[PDB]
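Q: Take a look at this one; I'll ask things after.
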Number of protein chains: 4
Amino acid sequence: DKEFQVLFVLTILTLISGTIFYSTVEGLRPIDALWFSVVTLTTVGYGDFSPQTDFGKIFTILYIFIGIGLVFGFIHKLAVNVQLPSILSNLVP
Amino acid sequence: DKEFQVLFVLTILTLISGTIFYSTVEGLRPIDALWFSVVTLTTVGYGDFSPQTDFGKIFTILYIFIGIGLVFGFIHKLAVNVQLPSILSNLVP
Amino acid sequence: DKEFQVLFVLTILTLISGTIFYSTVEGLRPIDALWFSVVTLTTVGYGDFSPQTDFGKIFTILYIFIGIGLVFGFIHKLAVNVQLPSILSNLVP
Amino acid sequence: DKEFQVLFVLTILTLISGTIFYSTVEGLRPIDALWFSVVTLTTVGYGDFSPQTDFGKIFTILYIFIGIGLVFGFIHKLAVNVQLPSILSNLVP
Ligand SMILES: [K+]
Ligand SMILES: [K+]
Ligand SMILES: [K+]
Ligand SMILES: [K+]
């Protein structure tokens with residue numbers, strides 16, 4: 001609970017920061033900026049969008065090193081503290 | 001066994017859900033929809049396909065956060081509870 | 001040693017299998033086939049190459065689920081049993 | 001501290017080595033060479049850049065197997081020994 005909540009808030013703030021940056025510096029729509037932020041921090045990287053400016057590339061490097069840690073943390077706790085118990089509870093007939 | 005079976009079923013259902021969504025909203029062939037779902041949840045992300053609609057992008061964001069946890073879980077148990085023993089058994093002359 | 005050797009051989013065989021498949025079914029040069037196999041199993045996925053046939057896509061799905069487990073295993077042991085000690089040994093003045 | 005410092009230096013050197021290689025063999029700007037090195041070793045892989053020469057592809061294969069181990073190590077310690085405590089310290093009213 002309290003741990004998953006913190007991680008949830010930290011993830012939300014991280015994605016908000018990305019959305020604001022890419023819509024500003026790279027000129028993306030806010031929706032596309034959020035899309036790029038997620039596709040980046042989860043390391044999926046389709047490359048349908050990518051930073052065209054040097055500022056954009058430099059920020060993204062730092063965004064990645066800082067962002068991956070907490071994003072996968074959230075993903076991990078979400079799966080281990082939320083999804084796991086639920087699946088088990090559904091396996092009791 | 002019982003753990004790997006559950007994870008196997010959960011993975012199958014997850015991929016089925018993706019196949020139905022992308023063939024519907026993004027208009028992909030069912031085979032290409034399954035292909036995108038896998039390439040997404042394993043975080044490979046070639047970008048040969050990517051969602052063009054806003055609905056598609058929003059769903060994929062949620063699909064990723066929810067899907068990665070179980071997909072890598074399956075991958076992990078598959079390697080640790082199935083592949084590992086087999087390799088060891090083949091190393092006894 | 002014996003563990004890292006096994007993992008090394010298993011990785012080599014896996015990459016050889018990929019090289020043969022993609023040069024055959026997708027018609028890539030052997031070098032490009034090996035390149036795609038690695039870029040796939042390490043989950044990097046540039047998408048400079050991607051399978052164009054349905055056979056190619058179906059095989060790759062299976063290749064991914066089976067291959068990621070051992071490839072990251074090798075990567076892990078390589079870093080924990082080989083790179084780690086070496087760095088420490090270089091930190092003794 | 002001493003552990004995070006070492007990992008920090010090892011990461012810096014790894015990225016420097018990549019920058020020099022890609023600007024030399026693939027003819028990228030130094031900034032784009034660093035960009036590719038990071039996007040590669042964190043496994044994001046946008047594919048906005050990718051090696052066009054066989055030398056480039058062969059080196060990158062080796063760069064990946066060697067580089068991922070330490071890069072994610074740094075990312076891990078950064079998140080567990082630096083980001084984690086800080087967030088907790090900010091949660092004390
Ligand atoms: K990727
Ligand atoms: K990618
Ligand atoms: K890509
Ligand atoms: K990845």
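Residues in the structure tokens are named by chain (A, B, ... in the order shown) and by number from 1 within that chain; ligands are numbered from 1 in the order shown.
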Produce the least-squares-superposed copy of chain B, fitted on chain A over all in-order C-alpha pairs, as a PDB file with N, CA and C atoms, in the first residue's frame.

A:
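Contents of result-v8.pdb, freshly written:
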ATOM      1  N   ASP B   1       0.831  -1.198   0.000  1.00  0.00           N
ATOM      2  CA  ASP B   1       0.000   0.000   0.000  1.00  0.00           C
ATOM      3  C   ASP B   1       0.869   1.253   0.000  1.00  0.00           C
ATOM      4  N   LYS B   2       1.339   1.648   1.180  1.00  0.00           N
ATOM      5  CA  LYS B   2       2.142   2.861   1.319  1.00  0.00           C
ATOM      6  C   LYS B   2       3.363   2.885   0.402  1.00  0.00           C
ATOM      7  N   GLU B   3       3.936   1.714   0.140  1.00  0.00           N
ATOM      8  CA  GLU B   3       5.085   1.614  -0.753  1.00  0.00           C
ATOM      9  C   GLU B   3       4.653   1.745  -2.207  1.00  0.00           C
ATOM     10  N   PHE B   4       3.585   1.039  -2.566  1.00  0.00           N
ATOM     11  CA  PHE B   4       3.064   1.078  -3.927  1.00  0.00           C
ATOM     12  C   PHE B   4       2.489   2.449  -4.265  1.00  0.00           C
ATOM     13  N   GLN B   5       1.966   3.137  -3.255  1.00  0.00           N
ATOM     14  CA  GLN B   5       1.422   4.476  -3.447  1.00  0.00           C
ATOM     15  C   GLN B   5       2.534   5.468  -3.773  1.00  0.00           C
ATOM     16  N   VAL B   6       3.601   5.439  -2.979  1.00  0.00           N
ATOM     17  CA  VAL B   6       4.754   6.299  -3.216  1.00  0.00           C
ATOM     18  C   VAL B   6       5.293   6.090  -4.625  1.00  0.00           C
ATOM     19  N   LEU B   7       5.559   4.834  -4.965  1.00  0.00           N
ATOM     20  CA  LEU B   7       6.080   4.490  -6.281  1.00  0.00           C
ATOM     21  C   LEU B   7       5.137   4.946  -7.387  1.00  0.00           C
ATOM     22  N   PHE B   8       3.837   4.874  -7.121  1.00  0.00           N
ATOM     23  CA  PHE B   8       2.839   5.316  -8.085  1.00  0.00           C
ATOM     24  C   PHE B   8       2.942   6.819  -8.320  1.00  0.00           C
ATOM     25  N   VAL B   9       3.074   7.577  -7.236  1.00  0.00           N
ATOM     26  CA  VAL B   9       3.205   9.026  -7.327  1.00  0.00           C
ATOM     27  C   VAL B   9       4.509   9.425  -8.013  1.00  0.00           C
ATOM     28  N   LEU B  10       5.600   8.764  -7.636  1.00  0.00           N
ATOM     29  CA  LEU B  10       6.904   9.049  -8.224  1.00  0.00           C
ATOM     30  C   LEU B  10       6.907   8.790  -9.729  1.00  0.00           C
ATOM     31  N   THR B  11       6.219   7.734 -10.149  1.00  0.00           N
ATOM     32  CA  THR B  11       6.107   7.414 -11.566  1.00  0.00           C
ATOM     33  C   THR B  11       5.288   8.476 -12.294  1.00  0.00           C
ATOM     34  N   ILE B  12       4.161   8.855 -11.700  1.00  0.00           N
ATOM     35  CA  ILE B  12       3.294   9.879 -12.272  1.00  0.00           C
ATOM     36  C   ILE B  12       4.042  11.189 -12.495  1.00  0.00           C
ATOM     37  N   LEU B  13       4.814  11.608 -11.497  1.00  0.00           N
ATOM     38  CA  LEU B  13       5.564  12.856 -11.585  1.00  0.00           C
ATOM     39  C   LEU B  13       6.635  12.777 -12.664  1.00  0.00           C
ATOM     40  N   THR B  14       7.275  11.616 -12.765  1.00  0.00           N
ATOM     41  CA  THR B  14       8.318  11.399 -13.760  1.00  0.00           C
ATOM     42  C   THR B  14       7.758  11.527 -15.172  1.00  0.00           C
ATOM     43  N   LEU B  15       6.587  10.936 -15.395  1.00  0.00           N
ATOM     44  CA  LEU B  15       5.943  10.974 -16.704  1.00  0.00           C
ATOM     45  C   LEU B  15       5.429  12.371 -17.032  1.00  0.00           C
ATOM     46  N   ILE B  16       4.979  13.090 -16.008  1.00  0.00           N
ATOM     47  CA  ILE B  16       4.540  14.467 -16.184  1.00  0.00           C
ATOM     48  C   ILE B  16       5.705  15.348 -16.620  1.00  0.00           C
ATOM     49  N   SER B  17       6.865  15.124 -16.014  1.00  0.00           N
ATOM     50  CA  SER B  17       8.061  15.887 -16.343  1.00  0.00           C
ATOM     51  C   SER B  17       8.493  15.645 -17.788  1.00  0.00           C
ATOM     52  N   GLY B  18       8.366  14.401 -18.238  1.00  0.00           N
ATOM     53  CA  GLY B  18       8.695  14.051 -19.607  1.00  0.00           C
ATOM     54  C   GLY B  18       7.737  14.690 -20.592  1.00  0.00           C
ATOM     55  N   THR B  19       6.448  14.636 -20.273  1.00  0.00           N
ATOM     56  CA  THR B  19       5.418  15.206 -21.130  1.00  0.00           C
ATOM     57  C   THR B  19       5.667  16.691 -21.383  1.00  0.00           C
ATOM     58  N   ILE B  20       5.968  17.423 -20.317  1.00  0.00           N
ATOM     59  CA  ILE B  20       6.231  18.853 -20.419  1.00  0.00           C
ATOM     60  C   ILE B  20       7.484  19.143 -21.244  1.00  0.00           C
ATOM     61  N   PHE B  21       8.532  18.355 -21.041  1.00  0.00           N
ATOM     62  CA  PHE B  21       9.779  18.572 -21.771  1.00  0.00           C
ATOM     63  C   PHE B  21       9.645  18.366 -23.282  1.00  0.00           C
ATOM     64  N   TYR B  22       9.112  17.217 -23.689  1.00  0.00           N
ATOM     65  CA  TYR B  22       9.071  16.873 -25.110  1.00  0.00           C
ATOM     66  C   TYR B  22       8.073  17.710 -25.911  1.00  0.00           C
ATOM     67  N   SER B  23       6.997  18.146 -25.268  1.00  0.00           N
ATOM     68  CA  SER B  23       6.045  19.016 -25.946  1.00  0.00           C
ATOM     69  C   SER B  23       6.644  20.412 -26.105  1.00  0.00           C
ATOM     70  N   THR B  24       7.576  20.752 -25.219  1.00  0.00           N
ATOM     71  CA  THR B  24       8.222  22.060 -25.236  1.00  0.00           C
ATOM     72  C   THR B  24       9.404  22.113 -26.199  1.00  0.00           C
ATOM     73  N   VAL B  25      10.388  21.251 -25.963  1.00  0.00           N
ATOM     74  CA  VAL B  25      11.639  21.279 -26.713  1.00  0.00           C
ATOM     75  C   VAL B  25      11.545  20.591 -28.077  1.00  0.00           C
ATOM     76  N   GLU B  26      10.804  19.489 -28.144  1.00  0.00           N
ATOM     77  CA  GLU B  26      10.683  18.732 -29.387  1.00  0.00           C
ATOM     78  C   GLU B  26       9.387  19.052 -30.126  1.00  0.00           C
ATOM     79  N   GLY B  27       8.521  19.827 -29.481  1.00  0.00           N
ATOM     80  CA  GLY B  27       7.302  20.305 -30.111  1.00  0.00           C
ATOM     81  C   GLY B  27       6.232  19.256 -30.358  1.00  0.00           C
ATOM     82  N   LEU B  28       6.272  18.164 -29.600  1.00  0.00           N
ATOM     83  CA  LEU B  28       5.270  17.110 -29.730  1.00  0.00           C
ATOM     84  C   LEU B  28       3.948  17.511 -29.077  1.00  0.00           C
ATOM     85  N   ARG B  29       2.853  16.905 -29.528  1.00  0.00           N
ATOM     86  CA  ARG B  29       1.587  17.021 -28.818  1.00  0.00           C
ATOM     87  C   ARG B  29       1.784  16.427 -27.432  1.00  0.00           C
ATOM     88  N   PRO B  30       1.079  16.963 -26.428  1.00  0.00           N
ATOM     89  CA  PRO B  30       1.211  16.416 -25.075  1.00  0.00           C
ATOM     90  C   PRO B  30       0.995  14.903 -25.031  1.00  0.00           C
ATOM     91  N   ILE B  31       0.030  14.396 -25.795  1.00  0.00           N
ATOM     92  CA  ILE B  31      -0.225  12.957 -25.820  1.00  0.00           C
ATOM     93  C   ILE B  31       0.976  12.186 -26.373  1.00  0.00           C
ATOM     94  N   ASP B  32       1.578  12.705 -27.440  1.00  0.00           N
ATOM     95  CA  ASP B  32       2.757  12.074 -28.034  1.00  0.00           C
ATOM     96  C   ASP B  32       3.984  12.198 -27.130  1.00  0.00           C
ATOM     97  N   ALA B  33       4.018  13.247 -26.319  1.00  0.00           N
ATOM     98  CA  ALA B  33       5.129  13.451 -25.398  1.00  0.00           C
ATOM     99  C   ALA B  33       5.080  12.435 -24.260  1.00  0.00           C
ATOM    100  N   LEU B  34       3.879  12.182 -23.751  1.00  0.00           N
ATOM    101  CA  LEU B  34       3.670  11.157 -22.734  1.00  0.00           C
ATOM    102  C   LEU B  34       3.983   9.784 -23.309  1.00  0.00           C
ATOM    103  N   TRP B  35       3.537   9.564 -24.542  1.00  0.00           N
ATOM    104  CA  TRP B  35       3.771   8.311 -25.249  1.00  0.00           C
ATOM    105  C   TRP B  35       5.265   8.022 -25.374  1.00  0.00           C
ATOM    106  N   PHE B  36       6.039   9.026 -25.780  1.00  0.00           N
ATOM    107  CA  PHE B  36       7.486   8.864 -25.902  1.00  0.00           C
ATOM    108  C   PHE B  36       8.162   8.613 -24.557  1.00  0.00           C
ATOM    109  N   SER B  37       7.689   9.299 -23.522  1.00  0.00           N
ATOM    110  CA  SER B  37       8.256   9.159 -22.185  1.00  0.00           C
ATOM    111  C   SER B  37       8.103   7.734 -21.668  1.00  0.00           C
ATOM    112  N   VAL B  38       6.925   7.156 -21.877  1.00  0.00           N
ATOM    113  CA  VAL B  38       6.663   5.788 -21.441  1.00  0.00           C
ATOM    114  C   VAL B  38       7.454   4.780 -22.273  1.00  0.00           C
ATOM    115  N   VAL B  39       7.397   4.934 -23.593  1.00  0.00           N
ATOM    116  CA  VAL B  39       8.075   4.020 -24.506  1.00  0.00           C
ATOM    117  C   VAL B  39       9.583   4.042 -24.282  1.00  0.00           C
ATOM    118  N   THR B  40      10.062   5.125 -23.680  1.00  0.00           N
ATOM    119  CA  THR B  40      11.479   5.295 -23.391  1.00  0.00           C
ATOM    120  C   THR B  40      11.866   4.647 -22.065  1.00  0.00           C
ATOM    121  N   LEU B  41      11.155   5.002 -20.997  1.00  0.00           N
ATOM    122  CA  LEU B  41      11.499   4.537 -19.654  1.00  0.00           C
ATOM    123  C   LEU B  41      11.225   3.052 -19.393  1.00  0.00           C
ATOM    124  N   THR B  42      10.355   2.446 -20.196  1.00  0.00           N
ATOM    125  CA  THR B  42      10.100   1.007 -20.106  1.00  0.00           C
ATOM    126  C   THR B  42      11.057   0.266 -21.040  1.00  0.00           C
ATOM    127  N   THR B  43      11.909   1.050 -21.689  1.00  0.00           N
ATOM    128  CA  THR B  43      12.908   0.581 -22.650  1.00  0.00           C
ATOM    129  C   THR B  43      12.342  -0.105 -23.882  1.00  0.00           C
ATOM    130  N   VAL B  44      11.098   0.152 -24.258  1.00  0.00           N
ATOM    131  CA  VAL B  44      10.559  -0.470 -25.478  1.00  0.00           C
ATOM    132  C   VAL B  44      11.142   0.164 -26.753  1.00  0.00           C
ATOM    133  N   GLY B  45      11.130   1.491 -26.847  1.00  0.00           N
ATOM    134  CA  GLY B  45      11.792   2.228 -27.920  1.00  0.00           C
ATOM    135  C   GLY B  45      11.388   2.007 -29.377  1.00  0.00           C
ATOM    136  N   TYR B  46      10.113   2.081 -29.698  1.00  0.00           N
ATOM    137  CA  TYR B  46       9.714   1.882 -31.097  1.00  0.00           C
ATOM    138  C   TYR B  46      10.455   2.777 -32.109  1.00  0.00           C
ATOM    139  N   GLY B  47      10.796   3.998 -31.707  1.00  0.00           N
ATOM    140  CA  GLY B  47      11.437   4.917 -32.637  1.00  0.00           C
ATOM    141  C   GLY B  47      10.462   5.557 -33.625  1.00  0.00           C
ATOM    142  N   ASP B  48       9.163   5.405 -33.385  1.00  0.00           N
ATOM    143  CA  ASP B  48       8.176   6.151 -34.160  1.00  0.00           C
ATOM    144  C   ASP B  48       8.343   7.642 -33.854  1.00  0.00           C
ATOM    145  N   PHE B  49       8.766   7.930 -32.627  1.00  0.00           N
ATOM    146  CA  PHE B  49       9.225   9.259 -32.252  1.00  0.00           C
ATOM    147  C   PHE B  49      10.630   9.133 -31.680  1.00  0.00           C
ATOM    148  N   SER B  50      11.452  10.150 -31.915  1.00  0.00           N
ATOM    149  CA  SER B  50      12.777  10.250 -31.313  1.00  0.00           C
ATOM    150  C   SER B  50      13.231  11.709 -31.341  1.00  0.00           C
ATOM    151  N   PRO B  51      14.052  12.114 -30.361  1.00  0.00           N
ATOM    152  CA  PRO B  51      14.461  13.521 -30.270  1.00  0.00           C
ATOM    153  C   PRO B  51      15.335  13.955 -31.446  1.00  0.00           C
ATOM    154  N   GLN B  52      14.991  15.093 -32.041  1.00  0.00           N
ATOM    155  CA  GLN B  52      15.709  15.624 -33.198  1.00  0.00           C
ATOM    156  C   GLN B  52      16.737  16.690 -32.823  1.00  0.00           C
ATOM    157  N   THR B  53      16.572  17.304 -31.656  1.00  0.00           N
ATOM    158  CA  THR B  53      17.501  18.344 -31.213  1.00  0.00           C
ATOM    159  C   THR B  53      18.574  17.765 -30.299  1.00  0.00           C
ATOM    160  N   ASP B  54      19.716  18.445 -30.220  1.00  0.00           N
ATOM    161  CA  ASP B  54      20.788  18.035 -29.318  1.00  0.00           C
ATOM    162  C   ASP B  54      20.382  18.170 -27.855  1.00  0.00           C
ATOM    163  N   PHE B  55      19.648  19.234 -27.543  1.00  0.00           N
ATOM    164  CA  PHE B  55      19.093  19.409 -26.209  1.00  0.00           C
ATOM    165  C   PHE B  55      18.226  18.195 -25.880  1.00  0.00           C
ATOM    166  N   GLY B  56      17.359  17.828 -26.818  1.00  0.00           N
ATOM    167  CA  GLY B  56      16.480  16.687 -26.637  1.00  0.00           C
ATOM    168  C   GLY B  56      17.226  15.393 -26.365  1.00  0.00           C
ATOM    169  N   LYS B  57      18.331  15.183 -27.075  1.00  0.00           N
ATOM    170  CA  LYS B  57      19.121  13.965 -26.910  1.00  0.00           C
ATOM    171  C   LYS B  57      19.856  13.942 -25.572  1.00  0.00           C
ATOM    172  N   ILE B  58      20.422  15.082 -25.188  1.00  0.00           N
ATOM    173  CA  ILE B  58      21.131  15.186 -23.918  1.00  0.00           C
ATOM    174  C   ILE B  58      20.200  14.950 -22.727  1.00  0.00           C
ATOM    175  N   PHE B  59      19.038  15.599 -22.735  1.00  0.00           N
ATOM    176  CA  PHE B  59      18.056  15.397 -21.674  1.00  0.00           C
ATOM    177  C   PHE B  59      17.612  13.939 -21.582  1.00  0.00           C
ATOM    178  N   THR B  60      17.376  13.320 -22.734  1.00  0.00           N
ATOM    179  CA  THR B  60      16.860  11.954 -22.766  1.00  0.00           C
ATOM    180  C   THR B  60      17.857  10.967 -22.171  1.00  0.00           C
ATOM    181  N   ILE B  61      19.141  11.202 -22.419  1.00  0.00           N
ATOM    182  CA  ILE B  61      20.192  10.386 -21.824  1.00  0.00           C
ATOM    183  C   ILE B  61      20.053  10.388 -20.305  1.00  0.00           C
ATOM    184  N   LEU B  62      19.944  11.583 -19.732  1.00  0.00           N
ATOM    185  CA  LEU B  62      19.804  11.744 -18.287  1.00  0.00           C
ATOM    186  C   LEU B  62      18.457  11.217 -17.799  1.00  0.00           C
ATOM    187  N   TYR B  63      17.407  11.489 -18.568  1.00  0.00           N
ATOM    188  CA  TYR B  63      16.062  11.016 -18.249  1.00  0.00           C
ATOM    189  C   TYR B  63      16.051   9.495 -18.117  1.00  0.00           C
ATOM    190  N   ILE B  64      16.761   8.822 -19.019  1.00  0.00           N
ATOM    191  CA  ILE B  64      16.824   7.362 -19.029  1.00  0.00           C
ATOM    192  C   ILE B  64      17.517   6.789 -17.793  1.00  0.00           C
ATOM    193  N   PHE B  65      18.723   7.268 -17.506  1.00  0.00           N
ATOM    194  CA  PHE B  65      19.480   6.777 -16.357  1.00  0.00           C
ATOM    195  C   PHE B  65      18.742   6.998 -15.039  1.00  0.00           C
ATOM    196  N   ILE B  66      18.050   8.127 -14.935  1.00  0.00           N
ATOM    197  CA  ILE B  66      17.324   8.471 -13.721  1.00  0.00           C
ATOM    198  C   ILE B  66      15.967   7.773 -13.655  1.00  0.00           C
ATOM    199  N   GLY B  67      15.308   7.655 -14.804  1.00  0.00           N
ATOM    200  CA  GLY B  67      13.928   7.201 -14.858  1.00  0.00           C
ATOM    201  C   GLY B  67      13.695   5.702 -14.822  1.00  0.00           C
ATOM    202  N   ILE B  68      14.598   4.933 -15.423  1.00  0.00           N
ATOM    203  CA  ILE B  68      14.427   3.484 -15.501  1.00  0.00           C
ATOM    204  C   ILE B  68      14.330   2.832 -14.125  1.00  0.00           C
ATOM    205  N   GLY B  69      15.151   3.302 -13.193  1.00  0.00           N
ATOM    206  CA  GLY B  69      15.192   2.740 -11.857  1.00  0.00           C
ATOM    207  C   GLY B  69      13.848   2.717 -11.154  1.00  0.00           C
ATOM    208  N   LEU B  70      13.144   3.845 -11.177  1.00  0.00           N
ATOM    209  CA  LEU B  70      11.870   3.958 -10.472  1.00  0.00           C
ATOM    210  C   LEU B  70      10.713   3.336 -11.251  1.00  0.00           C
ATOM    211  N   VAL B  71      10.766   3.434 -12.576  1.00  0.00           N
ATOM    212  CA  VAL B  71       9.706   2.891 -13.420  1.00  0.00           C
ATOM    213  C   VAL B  71       9.615   1.373 -13.304  1.00  0.00           C
ATOM    214  N   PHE B  72      10.764   0.704 -13.328  1.00  0.00           N
ATOM    215  CA  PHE B  72      10.785  -0.746 -13.180  1.00  0.00           C
ATOM    216  C   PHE B  72      10.547  -1.164 -11.732  1.00  0.00           C
ATOM    217  N   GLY B  73      10.877  -0.274 -10.803  1.00  0.00           N
ATOM    218  CA  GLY B  73      10.547  -0.486  -9.406  1.00  0.00           C
ATOM    219  C   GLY B  73       9.042  -0.567  -9.254  1.00  0.00           C
ATOM    220  N   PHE B  74       8.349   0.441  -9.776  1.00  0.00           N
ATOM    221  CA  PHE B  74       6.892   0.459  -9.765  1.00  0.00           C
ATOM    222  C   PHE B  74       6.329  -0.789 -10.434  1.00  0.00           C
ATOM    223  N   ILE B  75       6.791  -1.062 -11.651  1.00  0.00           N
ATOM    224  CA  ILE B  75       6.371  -2.252 -12.380  1.00  0.00           C
ATOM    225  C   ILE B  75       6.557  -3.504 -11.530  1.00  0.00           C
ATOM    226  N   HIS B  76       7.678  -3.573 -10.819  1.00  0.00           N
ATOM    227  CA  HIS B  76       7.988  -4.741  -9.999  1.00  0.00           C
ATOM    228  C   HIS B  76       7.038  -4.893  -8.815  1.00  0.00           C
ATOM    229  N   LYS B  77       6.854  -3.816  -8.058  1.00  0.00           N
ATOM    230  CA  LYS B  77       5.962  -3.846  -6.903  1.00  0.00           C
ATOM    231  C   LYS B  77       4.517  -4.070  -7.328  1.00  0.00           C
ATOM    232  N   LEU B  78       4.137  -3.463  -8.447  1.00  0.00           N
ATOM    233  CA  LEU B  78       2.805  -3.648  -9.009  1.00  0.00           C
ATOM    234  C   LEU B  78       2.521  -5.124  -9.264  1.00  0.00           C
ATOM    235  N   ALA B  79       3.523  -5.833  -9.771  1.00  0.00           N
ATOM    236  CA  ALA B  79       3.363  -7.238 -10.127  1.00  0.00           C
ATOM    237  C   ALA B  79       3.485  -8.163  -8.919  1.00  0.00           C
ATOM    238  N   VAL B  80       4.328  -7.780  -7.965  1.00  0.00           N
ATOM    239  CA  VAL B  80       4.623  -8.628  -6.813  1.00  0.00           C
ATOM    240  C   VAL B  80       3.706  -8.374  -5.616  1.00  0.00           C
ATOM    241  N   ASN B  81       3.206  -7.148  -5.490  1.00  0.00           N
ATOM    242  CA  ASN B  81       2.366  -6.789  -4.350  1.00  0.00           C
ATOM    243  C   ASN B  81       0.892  -6.582  -4.690  1.00  0.00           C
ATOM    244  N   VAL B  82       0.559  -6.603  -5.975  1.00  0.00           N
ATOM    245  CA  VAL B  82      -0.808  -6.312  -6.402  1.00  0.00           C
ATOM    246  C   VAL B  82      -1.379  -7.378  -7.334  1.00  0.00           C
ATOM    247  N   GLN B  83      -0.645  -7.691  -8.397  1.00  0.00           N
ATOM    248  CA  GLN B  83      -1.092  -8.690  -9.361  1.00  0.00           C
ATOM    249  C   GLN B  83      -0.960 -10.102  -8.804  1.00  0.00           C
ATOM    250  N   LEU B  84       0.160 -10.367  -8.140  1.00  0.00           N
ATOM    251  CA  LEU B  84       0.431 -11.695  -7.597  1.00  0.00           C
ATOM    252  C   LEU B  84      -0.664 -12.178  -6.642  1.00  0.00           C
ATOM    253  N   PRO B  85      -0.922 -11.427  -5.560  1.00  0.00           N
ATOM    254  CA  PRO B  85      -1.964 -11.863  -4.623  1.00  0.00           C
ATOM    255  C   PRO B  85      -3.308 -12.083  -5.314  1.00  0.00           C
ATOM    256  N   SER B  86      -3.692 -11.158  -6.188  1.00  0.00           N
ATOM    257  CA  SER B  86      -4.975 -11.245  -6.882  1.00  0.00           C
ATOM    258  C   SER B  86      -5.127 -12.536  -7.680  1.00  0.00           C
ATOM    259  N   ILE B  87      -4.084 -12.919  -8.409  1.00  0.00           N
ATOM    260  CA  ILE B  87      -4.140 -14.148  -9.195  1.00  0.00           C
ATOM    261  C   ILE B  87      -4.316 -15.357  -8.281  1.00  0.00           C
ATOM    262  N   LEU B  88      -3.597 -15.359  -7.164  1.00  0.00           N
ATOM    263  CA  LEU B  88      -3.679 -16.443  -6.193  1.00  0.00           C
ATOM    264  C   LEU B  88      -5.078 -16.535  -5.596  1.00  0.00           C
ATOM    265  N   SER B  89      -5.669 -15.380  -5.306  1.00  0.00           N
ATOM    266  CA  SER B  89      -7.002 -15.327  -4.717  1.00  0.00           C
ATOM    267  C   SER B  89      -8.054 -15.852  -5.688  1.00  0.00           C
ATOM    268  N   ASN B  90      -7.758 -15.761  -6.981  1.00  0.00           N
ATOM    269  CA  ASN B  90      -8.677 -16.237  -8.005  1.00  0.00           C
ATOM    270  C   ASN B  90      -8.472 -17.724  -8.282  1.00  0.00           C
ATOM    271  N   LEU B  91      -7.442 -18.297  -7.668  1.00  0.00           N
ATOM    272  CA  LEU B  91      -7.133 -19.711  -7.850  1.00  0.00           C
ATOM    273  C   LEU B  91      -7.666 -20.559  -6.699  1.00  0.00           C
ATOM    274  N   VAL B  92      -8.394 -19.927  -5.784  1.00  0.00           N
ATOM    275  CA  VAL B  92      -9.062 -20.662  -4.716  1.00  0.00           C
ATOM    276  C   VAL B  92     -10.527 -20.892  -5.094  1.00  0.00           C
ATOM    277  N   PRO B  93     -10.887 -22.157  -5.361  1.00  0.00           N
ATOM    278  CA  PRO B  93     -12.228 -22.499  -5.848  1.00  0.00           C
ATOM    279  C   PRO B  93     -13.285 -22.408  -4.756  1.00  0.00           C
TER     280      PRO B  93
END

Q: Write down as a PyMOL selection string the residues belonging to chain D that are assigned helix (DSSP H, G or I) by DSSP computed on the backbone.

A: chain D and resi 2-25+30-41+54-89
